[PDB]
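Note sheet for the following structure.
What follows draws every value from the coordinates through simple rules; no lab data is involved. Methodologically, a virtual Cβ is constructed for each residue, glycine included, from the backbone with ideal geometry; neighbour enumeration extends over all protein chains shown.
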Amino acid sequence: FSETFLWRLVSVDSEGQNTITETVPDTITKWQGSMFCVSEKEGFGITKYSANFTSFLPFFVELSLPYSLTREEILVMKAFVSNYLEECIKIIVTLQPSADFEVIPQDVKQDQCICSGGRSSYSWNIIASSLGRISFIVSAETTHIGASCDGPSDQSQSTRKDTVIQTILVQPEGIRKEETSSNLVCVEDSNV
Amino acid sequence: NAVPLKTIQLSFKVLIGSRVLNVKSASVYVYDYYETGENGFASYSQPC
Amino acid sequence: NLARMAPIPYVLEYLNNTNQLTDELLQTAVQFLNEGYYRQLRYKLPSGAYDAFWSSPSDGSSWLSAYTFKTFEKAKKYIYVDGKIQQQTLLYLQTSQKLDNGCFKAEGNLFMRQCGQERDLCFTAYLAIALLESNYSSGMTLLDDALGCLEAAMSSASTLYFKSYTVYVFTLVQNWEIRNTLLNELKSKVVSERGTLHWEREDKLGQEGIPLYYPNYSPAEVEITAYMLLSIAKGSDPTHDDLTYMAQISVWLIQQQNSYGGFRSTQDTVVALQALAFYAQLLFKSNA
Amino acid sequence: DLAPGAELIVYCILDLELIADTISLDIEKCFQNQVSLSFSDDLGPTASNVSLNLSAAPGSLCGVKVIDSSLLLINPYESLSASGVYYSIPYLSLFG
Amino acid sequence: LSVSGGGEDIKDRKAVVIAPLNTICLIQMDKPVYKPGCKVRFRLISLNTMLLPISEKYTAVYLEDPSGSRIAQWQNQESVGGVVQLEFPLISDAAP
Ligand SMILES: *[C@@H]1O[C@H](CO)[C@@H](O)[C@H](O)[C@H]1NC(C)=O
Ligand SMILES: *[C@@H]1O[C@H](CO)[C@@H](O)[C@H](O)[C@H]1NC(C)=O
Ligand SMILES: *[C@@H]1O[C@H](CO)[C@@H](O)[C@H](O)[C@H]1NC(C)=O
Ligand SMILES: *[C@@H]1O[C@H](CO)[C@@H](O)[C@H](O)[C@H]1NC(C)=O
Ligand SMILES: *[C@@H]1O[C@H](CO)[C@@H](O)[C@H](O)[C@H]1NC(C)=O
Ligand SMILES: *[C@@H]1O[C@H](CO)[C@@H](O)[C@H](O)[C@H]1NC(C)=O
């Protein structure tokens with residue numbers, strides 16, 4: 001669960017039509033809202049039926065990766081794409097090529113006709129042929145043909161874009177060794 | 001707390017997260033807290 | 001845990017004294033002070049004693065309790081510290097009499113593992129150091145008993161580690177005879193290199209190179225060297241013949257500095273940083 | 001204006017006798033005030049600009065709060081509930 | 001009670017107790033169950049015996065760990081409108 005993203009202590013003016021304007025965080029949960037509302041003239045009444053709010057995305061893309069990797073090790077990436085639309089849709093997923101790390105072409109390509117409450121397990125072959133921090137970028141085009149598969153989408157959707165960054169840290173095999181040599185200079189208009 | 005001359009064995013289990021092939025070795029580094037000079041190193045390999 | 005907390009009050013005082021205190025740096029330092037207080041309050045036993053490894057408590061630790069009492073008293077200036085915590089810690093120290101002859105007894109057997117049979121004596125010395133540095137005068141029974149124990153220690157206790165503690169306590173208590181004679185005696189046994197001076201452990205038991213004694217960067221020597229630097233700096237009037245000694249004793253200590261600040265371990269990096277701060281307290285260039 | 005524990009006494013005085021009967025009704029908690037908390041939209045994306053339209057008594061200083069509901073599925077005991085406030089009042093129903 | 005008049009008059013005397021009143025102060029501790037890495041947002045409320053807001057000053061409001069130590073303290077906390085807003089981050093250790 002996330003944090004309470006609104007905590008203001010606003011006051012009521014005139015009859016009372018106050019509008020709290022806030023920004024919702026990334027957590028996908030419920031948003032029950034309540035208050036207590038004092039006034040020196042009358043008192044305070046806590047709300048009885050709290051207000052309900054929901055945040056969700058029609059399209060989920062998720063990557064699960066280990067924290068670190070060893071130099072020159074073939075790792076498989078698992079990209080999960082989830083569809084929550086009422087219509088069964090198709091999806092194509094692409095990986096951005098880069099020179100720092102090599103990506104082995106798996107020669108795998110299927111446009112699964114995913115539907116409501118469904119998820120895929122697209123995978124690719126990755127070699128840790130680099131050093132340091134490496135960024136992985138996934139992409140989607142969401143070519144769908146909304147009405148199941150045979151029925152054309154027509155004017156149902158235009159484009160859903162979901163790209164997420166991911167971080168990996170590959171390190172040379174072995175143990176981390178360090179040697180430090182601290183020096184102090186006491187110079188009075190002299191050069192060392 | 002301490003490691004005397006007699007050998008002491010420790011053991012624990014580990015599950016699997018993201019699968020990876022051609023896994024290389026790993027390191028076990030043991031060292032006294034107040035004296036880093038008296039330290040030892042050992043190798044770790046996949047049982048399979 | 002008391003490695004990110006012991007040196008911050010000293011470095012903050014040094015920066016404030018040498019016209020280098022900054023508002024945002026002070027705020028961030030207070031923030032770290034609070035954070036370390038938050039972790040350190042976790043280890044407290046209900047008896048008022050402090051012991052490490054809270055998941056496996058073992059009848060407190062008197063040395064750790066004294067160190068925490070030190071740190072909380074010296075860090076209470078900026079962040080909030082519960083006074084009842086300090087009061088019950090001092091009460092536990094009072095109840096921890098255990099007077100082995102004229103000497104106190106240390107509780108726990110995990111910290112002073114290299115001083116040998118002088119564990120109780122070194123614990124008494126460190127408790128005295130804590131009481132002096134805690135802005136406490138010599139009017140309390142604990143300090144009187146500790147000074148009485150340290151006074152009858154000149155003949156015995158032939159260890160350079162405990163000599164460092166006695167040097168520090170006799171420097172803390174303003175004296176002309178005992179402190180000066182002890183510093184003069186210890187100054188004879190100083191290892192000198194090219195431009196550097198320090199004190200080896202003098203661990204005569206097993207002086208070899210093969211059976212795990214070849215590591216030259218022993219953390220123990222840095223602590224005693226920093227004690228010597230601080231004690232000699234805390235003099236009535238360091239003469240010009242002593243400034244070269246300060247430079248030579250500081251260059252070696254600052255040589256064993258890593259890329260992150262921590263020199264060898266938690267216990268000695270604290271003393272080395274505080275000694276370096278006190279040494280740089282006496283020297284400053286306006287323009288530089 | 002009737003808190004919980006509203007007790008009813010109905011009595012008659014005939015010619016020389018007074019007879020009374022009592023019960024101990026419970027009333028729903030209402031706090032003599034009106035609040036109309038509600039959002040502007042029931043659904044939205046994860047980075048939307050949430051608008052919350054609240055109305056209450058005029059000239060009221062009024063503190064709001066929003067929380068994930070999963071906590072209520074763990075420990076559904078909100079501090080300061082519409083019964084805690086009332087139960088924190090001395091002598092709300094006399095005894096003897 | 002005096003019923004003086006042209007006809008019969010009645011003089012009556014009954015006994016009651018007047019009792020003193022205190023004021024009730026409450027904690028709106030949202031987020032009923034906490035996890036480490038969070039920020040506790042207090043809310044102190046001061047109320048008359050009848051549910052009305054009164055100005056109140058606080059001097060010794062503080063937390064207490066399971067060990068029994070005062071961790072963070074506030075001094076001279078005045079109620080701006082009968083509501084006091086307090087904030088306190090919780091460390092990432094946060095002994096359960
Ligand atoms: C939980 O908190 C947020 C999600 O709102 C995220 O930044 C964090 O990494 C999450 N951690 C875990 C362990 O789920
Ligand atoms: C909001 O959720 C509560 C939870 O019980 C429910 O009682 C209520 O009917 C929902 N809708 C509104 C408008 O409050
Ligand atoms: C430093 O370098 C400058 C050259 O710009 C030279 O003139 C000067 O003598 C050197 N030494 C000092 C102390 O400035
Ligand atoms: C810095 O030193 C001055 C001079 O004594 C003192 O007034 C001030 O309180 C000090 N500041 C801190 C943060 O210790
Ligand atoms: C403690 O510090 C104060 C300065 O605030 C000083 O007056 C006092 O002498 C010191 N020692 C004791 C035992 O209070
Ligand atoms: C507030 O909402 C408006 C319109 O919906 C827009 O500026 C944005 O979504 C929100 N403001 C910010 C700063 O995000």
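Residue count for the stretch A:1-31 under the criterion of being away from ligand 6 (no atom under 16 Å from the Cβ) and either in contact with a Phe, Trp or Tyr (Cβ under 8 Å, 6 or more places away or on another chain) or among the small types (G, A, S) (or both): the result is 9. For first residues located in the stretch A:14-36 and without any contact (Cβ under 8 Å) to a residue 24 or more places away in the chain and in a strand (DSSP E or B), partners that are surrounded by 12 or more Cβ atoms within 10 Å (Cβ to Cβ) and among the acidic types (D, E) and lie 6+ apart or on another chain with Cβ distances below 9 Å form the pairs A:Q32/D:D68; A:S34/D:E78; A:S34/E:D30. If the condition is being touching a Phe, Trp or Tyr at 6+ places or on another chain (Cβ under 9 Å) and either more than 7 Å from every other protein chain (Cβ to nearest Cβ) or crowded, with 20+ Cβ neighbours inside 10 Å (or both), then the stretch A:57-75 contributes A:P58, A:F59, A:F60, A:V61, A:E62, A:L63. Pairing residues of the stretch C:1-28 that are under 24 Å from C:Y43 (Cα atoms) with residues that are more than 16 Å from ligand 1 (Cβ to nearest atom) and of a type in the set (S, T, Y), at Cβ distances under 6 Å and at least 6 apart in sequence or on separate chains, gives C:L2/C:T71; C:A3/C:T266; C:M5/C:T71; C:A6/C:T71.
Whenever a residue of the stretch D:35-51 is without any contact (Cβ under 8 Å) to a residue 24 or more places away in the chain and at positive phi, it has no partner that is near ligand 6 (Cβ under 10 Å from one of its atoms) and hydroxyl-bearing (S, T, Y) lying with C-beta atoms less than 7 angstrom away and at least six residues away or across chains. Each residue in the stretch C:250-277 was checked for being free of Cβ contacts under 8 Å to residues at least 24 places away in the same chain and within 17 Å of B:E35 (Cβ to Cβ), and 1 of them qualify. Picking from residues in the stretch A:46-67 that are touching a residue at least 40 places away in the same chain (Cβ under 8 Å) and in a loop (DSSP other than H, G, I, E, B), the one that is nearest to ligand 3 (Cβ to nearest atom) is A:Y67.
Residues in the stretch B:22-37: is at least one in a loop (DSSP other than H, G, I, E, B), among the small types (G, A, S) and farther than 30 Å from C:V270 by Cα? Yes: one or more hits.
Where strands (runs of 3 or more DSSP E) fall wholly inside chain E, the ranges with 1 or more residues that are within 12 Å of the chain's Cα centre (by Cα) and more than 10 Å from every other protein chain (Cβ to nearest Cβ) are E:44-47. For the stretch B:1-41, taking the residues that are under 16 Å from A:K177 (Cβ atoms) and more than 14 Å from chain C (Cβ to nearest Cβ), the one that is surrounded by the most Cβ atoms within 10 Å (Cβ to Cβ) is identified as B:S27.
Within the stretch A:42-86, the residues that satisfy the criterion of being of a type in the set (S, T, N, Q) and farther than 28 Å from A:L131 by Cβ are A:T47, A:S50, A:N52, A:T54, A:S55, A:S82, A:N83. Residues that are within 15 Å of ligand 2 (Cβ to nearest atom) and of a type in the set (A, V, I, L, M) within the stretch D:41-63 comprise D:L43, D:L52, D:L54, listed in sequence order. Is there a residue being away from ligand 3 (no atom under 16 Å from the Cβ), of a type in the set (D, E, K, R), within 30 Å of A:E22 (Cβ to Cβ) and out of contact with any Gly (no Cβ under 6 Å at 6 or more places or on another chain) anywhere in the stretch D:19-36? Yes - at least one qualifying residue is present in the stretch D:19-36. Between C:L150, C:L131, the distinction of being buried (at least 18 other Cβ atoms within 10 Å of the Cβ), within 16 Å of ligand 5 (Cβ to nearest atom) and under 24 Å from C:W176 (Cβ atoms) belongs to C:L131 only.
Could you tell me whether any residue of the stretch D:57-69 is in a strand (DSSP E or B), among the polar types (S, T, N, Q) and without any contact (Cβ under 8 Å) to a residue 24 or more places away in the chain? No, because not a single residue in the stretch D:57-69 is in a strand (DSSP E or B), among the polar types (S, T, N, Q) and without any contact (Cβ under 8 Å) to a residue 24 or more places away in the chain. Residues in the stretch A:135-192 that are under 30 Å from B:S45 (Cα atoms) and either of a type in the set (S, T, N, Q) or within 14 Å of chain C (Cβ to nearest Cβ) (or both): 8 in all.
In the stretch A:75-92, what residues are more than 7 Å from A:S116 (Cα to Cα) and among the hydrophobic types (A, V, I, L, M, F, W, C)?
A:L75, A:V76, A:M77, A:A79, A:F80, A:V81, A:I89, A:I91, A:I92
Of everything listed in (1) surrounded by 13 or more Cβ atoms within 10 Å (Cβ to Cβ); (2) within 15 Å of ligand 2 (Cβ to nearest atom), the single unmet condition for D:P76 is (1). A single entry from C:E35, C:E73, C:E24, C:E13 fulfils the requirement of being more than 14 Å from chain E (Cβ to nearest Cβ) and farther than 30 Å from C:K285 by Cβ: C:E73.
Which residue out of A:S190, A:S121 is within 30 Å of C:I254 (Cα to Cα) and either among the aliphatic types (A, V, I, L, M) or loosely packed, with under 10 Cβ neighbours inside 10 Å (or both)? On inspection, the qualifying residue turns out to be A:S190. Taken over the stretch A:158-192, the residue count meeting the criterion of being in contact (Cβ under 8 Å) with a residue 24 or more places away in the chain and outside any strand (DSSP E or B) is 6.
For the stretch D:84-96, how many residues are assigned to a loop (DSSP other than H, G, I, E, B), surrounded by 10 or more Cβ atoms within 10 Å (Cβ to Cβ) and within 10 Å of another protein chain (Cβ to nearest Cβ)?
The first filter runs over the stretch D:84-96 and keeps only residues assigned to a loop (DSSP other than H, G, I, E, B), leaving D:88-96.
When the remaining residues are screened for being surrounded by 10 or more Cβ atoms within 10 Å (Cβ to Cβ), the result is D:88-90, D:92-93.
Right, trim to within 10 Å of another protein chain (Cβ to nearest Cβ) and you get D:88-90.
Selection size over the stretch D:84-96: 3.
Out of the stretch D:27-54, which residues are surrounded by 10 or more Cβ atoms within 10 Å (Cβ to Cβ) and either in contact with a helix residue (DSSP H, G or I) (Cβ under 9 Å, 6 or more places away or on another chain) or more than 30 Å from A:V24 (Cβ to Cβ) (or both)? Answer for the stretch D:27-54, where residues must be surrounded by 10 or more Cβ atoms within 10 Å (Cβ to Cβ) and either in contact with a helix residue (DSSP H, G or I) (Cβ under 9 Å, 6 or more places away or on another chain) or more than 30 Å from A:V24 (Cβ to Cβ) (or both): D:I27, D:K29, D:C30, D:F31, D:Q32. Within the stretch C:180-214, restricting attention to residues that are closer than 22 Å to B:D32 by Cα and among the acidic types (D, E), the residue that is farthest from the other protein chains (Cβ to nearest Cβ) is C:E202. Only one entry in A:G33, A:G16 is within 28 Å of the chain's Cα centre (by Cα), of a type in the set (G, A, S), under 15 Å from D:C62 (Cα atoms) and away from ligand 1 (no atom under 16 Å from the Cβ), namely A:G33.
Within the set C:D51, C:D82, the sole residue that is touching a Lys or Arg at 6+ places or on another chain (Cβ under 6 Å), without any contact (Cβ under 8 Å) to a residue 60 or more places away in the chain, surrounded by 15 or more Cβ atoms within 10 Å (Cβ to Cβ) and not small (G, A, S) turns out to be C:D82.
The residues on offer are C:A152, C:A226, and the sole one that is more than 14 Å from chain B (Cβ to nearest Cβ) and either within 27 Å of C:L283 (Cβ to Cβ) or within 16 Å of ligand 1 (Cβ to nearest atom) (or both) is C:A226.
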